[PDB]
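Asks: Residues 1038 to 1196 (our numbering) make up the sequence shown, in order.
First the structure, which I've put down as structure tokens, then a few questions once you've had a look.
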Amino acid sequence: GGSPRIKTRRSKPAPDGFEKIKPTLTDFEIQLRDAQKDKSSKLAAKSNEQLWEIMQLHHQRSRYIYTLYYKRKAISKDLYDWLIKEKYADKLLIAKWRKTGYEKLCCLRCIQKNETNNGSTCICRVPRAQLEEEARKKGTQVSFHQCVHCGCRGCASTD
Ligand SMILES: [Zn+2]
Ligand SMILES: [Zn+2]
Ligand SMILES: [Zn+2]
């Protein structure tokens, strides 16, 4: 080779407990590397689907840490918190699922709306009955299925 190849950012060290889940997290880099490599090499057909597999991998990460910290109980809040702060799982996403009314949720920035200045939500969060009303209100038609943000087929819990 000739030059080294390592560039990561860390703040606090992880407790020995991290060794129990050290190789499983490394496997995600090989899967993310396939979609991450397509963005720089070979990028003509099938592109949005490649990124959906990357943001979708985040769900398996929270389920892996959630399955061992909330069910297996084989880890301590310090390691579980060190992972949430060093890019491992997502507390805001696991919190939205624990809340009430979040049965059809796919991501964190793909199902949120505001009522103060502007609205930043995704169409997949809105069911078809709500989307159909918009067409009748503007004298037009409508027909959504999946959103471009991730690989979701329209998720709506209200309807
Ligand atoms: Zn989504
Ligand atoms: Zn969406
Ligand atoms: Zn969705």
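A virtual CB, placed ideally from N, CA and C, is assigned to each residue, including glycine.
Tell me whether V1179 is buried or exposed, calling it buried when 16 or more other Cβ atoms sit within 10 Å of its Cβ.
Replies: With fewer than 16 Cβ atoms within 10 Å of its Cβ, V1179 is classed as exposed.
Asks: Rounded to whole angstroms, how far is the Cβ of residue 1008 from the Cβ of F1065, which I believe are closer than 8 Å?
Replies: Given that the chain is displayed from residue 1038 to residue 1196, the structure contains no residue 1008 and the question cannot be resolved.
Asks: By how many angstroms is the C-alpha of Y1139 removed from the C-alpha of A1111?
Replies: The alpha-carbon atoms of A1111 and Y1139 are separated by roughly 27 Å.
Asks: Compute the distance between the beta-carbons of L1116 and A1051, then report whether it is under 8 Å.
Replies: Cβ distance < 8 Å, so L1116 and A1051 count as in contact.
Asks: Between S1077, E1086 and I1121, which lies nearest to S1048 when the distance is taken from Cα to Cα?
Replies: Closest by alpha carbon: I1121.
Asks: Are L1145 and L1168 touching if we call contact CB-CB under 8 Å?
Replies: No.
Asks: Return the residue from the list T1158, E1152 and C1147 that minimises the CA-CA distance to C1187.
Replies: It is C1147.
Asks: So within the stretch 1113-1163, which uninterrupted alpha helix (DSSP H) runs reach at least 4 residues, ignoring any that extend past its ends?
Replies: Whole alpha helix (DSSP H) segments, 4+ residues: 1114-1122 and 1128-1135.
Asks: Return the bridge partner residues of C1192 from the DSSP annotation.
Replies: Paired residues: none, contrary to the question.
Asks: For a test of your reading of the model: does the CB of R1047 fall under 7 Å from any non-hydrogen atom of ligand 3? Yes or no.
Replies: Every heavy atom of ligand 3 is 7 Å or more from the Cβ of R1047, so no.
Asks: Among the residues of its own chain, which have a CB less than 8 Å from the CB of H1182, if the five just before and after it don't count?
Replies: Closer than 8 Å at the Cβ level, and outside the excluded window around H1182, lie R1190 and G1191.
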